[PDB]
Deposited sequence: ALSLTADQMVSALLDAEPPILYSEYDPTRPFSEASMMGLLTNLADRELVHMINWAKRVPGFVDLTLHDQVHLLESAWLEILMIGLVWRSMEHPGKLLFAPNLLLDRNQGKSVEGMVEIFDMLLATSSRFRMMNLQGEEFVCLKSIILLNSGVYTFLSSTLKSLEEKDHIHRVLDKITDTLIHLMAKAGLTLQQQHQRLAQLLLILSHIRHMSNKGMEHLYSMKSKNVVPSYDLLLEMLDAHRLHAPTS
């Protein structure tokens, strides 16, 4: 992972990309939204485990650390995936190709429209920045590696050091993508910052979402079982 060039990193992440899934409702039957959003989230998680295993550097970590990172990040990762898919559908969230929802559809569950609104605003922000596919995959891997790295022994010190070196490789890669796109050195650092600052909002959204779910979620054991 640490010997990868920028191009190889990008290629590795594009190749790791999980599939776009479909919602499981009978489309011949009349139009629970929570049920739909929960089942879809559950199925995407399985694919997320597989994707994570293909992010360079991730399988170098201990099982326990892999679980911790996924436990911290999974909802952020679903949400960034959603916002990216939704980017060319103004005012709509593309949960699946057959489940494209507006804010009014979110109003049927108490507390949900607020979450839909934040996701829609993020998709809007991505649209305004003209986020590229290659930048998206970098950001999604940054979330996986970064979200739990501050909440973890000699092994632990080595693990954190490795995570930060891999994150540095992804930073390098982002800059290289922006240099290749023809941005000036100024523009490259400005855009890097703009992209990383959106991750704080994605964190925020995840916290607001987890709050909703706790008020009613993959356990450590399920993540461990799937990762192990």
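- According to the record, the deposited residues with no C-alpha atom in the structure span 32-34, 156-158, 223-227, 240-248.
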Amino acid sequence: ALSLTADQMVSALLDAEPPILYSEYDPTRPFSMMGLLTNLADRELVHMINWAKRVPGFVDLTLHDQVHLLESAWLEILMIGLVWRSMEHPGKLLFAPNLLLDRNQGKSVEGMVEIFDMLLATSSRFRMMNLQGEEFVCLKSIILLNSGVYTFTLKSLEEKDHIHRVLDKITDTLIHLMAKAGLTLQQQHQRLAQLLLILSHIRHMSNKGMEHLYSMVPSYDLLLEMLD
From here on, numbers count along this sequence of modelled residues.
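- Higher mean CA B-factor, judged across 78-86 and 126-134 from the recorded values: 126-134.
- Averaged over Cα atoms, the B-factor as recorded in the entry is higher for 177-185 than for the other of 177-185 and 64-72.
- For residue 198, the recorded CA temperature factor ranks within the lowest third of the chain's modelled residues.
- Among the modelled residues of its chain, residue 103 has a C-alpha B-factor that falls in the middle third, as given in the PDB entry.
- In the deposited entry, the Cα temperature factor of residue 93 sits in the bottom third of values across the chain's modelled residues.
- Remark: residue 157 belongs to the middle third of its chain, ranked by C-alpha B-factor as recorded.
- Ranked against the other modelled residues of its chain, the C-alpha B-factor of residue 217 as given in the entry falls in the highest third.
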